[PDB]
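The chain below stands alone and is given as structure tokens, in the form deposited in one PDB entry.
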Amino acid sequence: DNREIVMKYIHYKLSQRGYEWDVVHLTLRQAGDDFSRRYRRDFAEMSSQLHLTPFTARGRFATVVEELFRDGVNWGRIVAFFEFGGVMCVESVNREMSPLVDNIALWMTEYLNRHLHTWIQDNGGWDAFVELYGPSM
């Protein structure tokens, strides 16, 4: 379920750069591109800030992701969580490490169900988000 959300976002992002790979989705495609725009405004595509290697990616991913929610969670920070993962999958493919994509998605899925699931429920769940973001599309 939350893993499907991860799948469709990864698939979506990967498509967005011409790479194939085998409602909450639409809203989330929207917020991420929204984020995308804002991010590329002040900084350069984050692919440049990513230094990746097969056996260093999981830790890197973890480190960053924890620095994100280290002090709190808000939907903005979660769309960011999404953008981050997807950018890692696109970088992966581009750096000739396509296999990782499948791993990155698992990492995300786990992180979602393990460390964010509580905030989500406590804060209205996914429909809450689909309703907050509603007026931004």
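Residues that one form lacks are left out of the comparison. So that the term is clear: the rigid core is the largest set of C-alpha atoms that superpose within 1.5 Å between two forms. A residue's number is simply how far along the shown sequence it sits, counting from 1.
The form deposited in another entry is left out here; the points below concern that form.
Visitor: Once the rigid core is superposed, exactly one of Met46, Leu68, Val93, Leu106 has its CA displaced by 2 Å or more between this form and the one not shown; which residue is that?
Guide: Everything else stays below 2 Å; the exception is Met46.
Visitor: So the C-alpha spacing of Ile104 and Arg41 changes by 3 Å or more in the other entry; is that change toward closer or farther than shown?
Guide: Compared with the shown chain, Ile104-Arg41 is closer in the other entry.
Visitor: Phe43 to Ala80, Cα distance in the other entry relative to here: closer or farther, by 3 Å or more?
Guide: Compared with this form, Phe43 and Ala80 lie closer in the other entry.
Visitor: Fitting the two forms on their core, which runs of three or more residues have every Cα moved by 2 Å or more between this form and the one not shown?
Guide: Shifted segments: 40-47, 49-51.
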